[PDB]
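Just so it is clear, none of the values below were taken in a lab; they were calculated from the coordinates. Every residue, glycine as well, gets a Cβ built from its backbone with ideal geometry; the counts of neighbours run over all protein chains shown.
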Ligand SMILES: [Br-]
């Protein structure tokens, strides 16, 4: 497994019951968010760790056909059956780098 | 997707 891209972002999940975003893992702050590629089965996943204490706040697969939504210039999002993930990037450049890596990953799947 |  190899990191193909990384960006700084505050990782959020959507609390549908209350119609609100909450910090992934319980506390607000920036994480280093990677896309990892695993050879052999050709899989990708997003893995993010809090800069402060290395808490893993996101670890989710990227399936073929995932719909990655660039809601704003610095907030991007996607879903699975259980929850909706959001990345609040530290800059538009961080967001564009991550998005381009994600979209190219979806082309390799 | 939900809004921000
Ligand atoms: Br492969």
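Here are a few things to note about the model shown:
- For A:94, A:53, the sequence from fewest to most other C-beta atoms within 10 Å is A:53, A:94.
- Other protein chain C-beta atoms within 10 Å of residue C-beta, averaged over A:61-72: 1.
- Helix A:92-108 and the long axis of chain A differ in direction by around 40°, with both axes built from C-alpha atoms.
- Rotationally averaged projected area of chain A (alpha carbon convex hull; nm²): 6.6
- Each of A:54, A:37 was scored by other Cβ atoms within 10 Å of its Cβ. Listed from fewest to most, they are A:54, A:37.
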